[PDB]
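This document starts with one chain, in the form deposited without its partner chain, laid out as structure tokens.
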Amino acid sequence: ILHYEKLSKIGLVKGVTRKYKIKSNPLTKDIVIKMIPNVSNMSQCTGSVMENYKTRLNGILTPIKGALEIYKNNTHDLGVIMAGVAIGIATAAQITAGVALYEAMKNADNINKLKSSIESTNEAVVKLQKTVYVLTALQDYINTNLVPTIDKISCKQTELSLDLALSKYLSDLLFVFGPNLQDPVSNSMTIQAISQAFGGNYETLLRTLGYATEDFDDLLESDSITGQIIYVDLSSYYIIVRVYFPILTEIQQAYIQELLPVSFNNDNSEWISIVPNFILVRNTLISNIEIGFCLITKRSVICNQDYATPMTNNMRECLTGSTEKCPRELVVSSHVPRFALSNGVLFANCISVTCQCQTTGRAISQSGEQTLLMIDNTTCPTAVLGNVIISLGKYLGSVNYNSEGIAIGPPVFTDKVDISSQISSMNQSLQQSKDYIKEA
């Protein structure tokens, strides 16, 4: 559909085709994260560090609880009804997450019956009776570093070490749980950030809960696993979070096509074509895609959400076989691609780089008219480019491709500072043309 033959001559070689995948159908699992270590041991000498740390942590936690109780208060059973006047201003996602928060409030209340048992845990990871897992913070450090060496070093140093550890933990935590978290009523926060309450060790957090799946790494990397806070307690200083495990469902009749660029020689200068690298050909509707946010696995593009964006008419018209509308940028740098390999056949610019034929020895060159040179099984069995010798396959397209010839589109400059100058010059010229026309 993309008419790759004509696109190749302007230095856009067809790449690998990938499937398109997006998450759906999450599954919920609760987990309790404590924010204060249980220093039951070595209590005989701890100083006033714990009081100061608790006072500091209370200020960090209070805004989150205050934000949650806006949606936890004004909500009643019927589905679940909501008070539009009381809530004030809210978006669609915020309400769609508040409904889930109210739904999970029942399990949060069920878990809260074990407050005394949660507050008495003195180990990094424990389980309490379904089962609920408690992940204390900094408990491992206290149990393995401070407690064993309690007698060896004077406890005045132990107090300072504990204070430093707590300060480091709070410094790490503030980057995520600080004022930057303006809205805790959304379920679009990754687990790699929710785990900062546990020290950034989300591997243990995920392994503790069920994770049975053969596509776990792809799901985790794409930031498609998210957790939501559904309860905050300011007496025992713990938070009940709920993690979502989705499943990747590939879209039907949709794929991602990559066109790796190649510089081409025209009018004694080498140019580079300006066309989107990744094209989402879904249901024969060509469109762009924000590949930056998504993950590119060797066999599929995995996205958190449908990132397709519209494409201008000219770029659609050119990708279909009208090379006259694809802009080209000048190349003043010296480090740019100059040849490529696509299914055996090799597309190379045999002017910037030196081309040769190992089997025969004779050099292979292109005139000033040809845009690119295609080296295949018939032209040269083995091509020597620079210092690499490469065998070549056969072209499945036109018999005569090297001697076809096509016109090229107009040049442009894509520098950020030059776009404004180009716009100003165009407007300037428009006013001049208007004045000239009005004169006659």
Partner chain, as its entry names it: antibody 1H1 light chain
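Residue numbers count along the first chain shown, from 1.
Unmodelled residues of the deposited sequence between neighbouring positions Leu78 and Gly79 number 4 to 9. Unmodelled residues of the deposited sequence between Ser235 and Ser236: none, the chain being continuous.
Although it is not shown, the form deposited with its partner chain bound is what the next lines describe.
Shown alone here, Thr360 lies within 4.5 Å of its partner chain in the deposited bound form, counting heavy atoms only.
At least one heavy atom of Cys380 is located within 4.5 Å of its partner chain in the deposited bound form.
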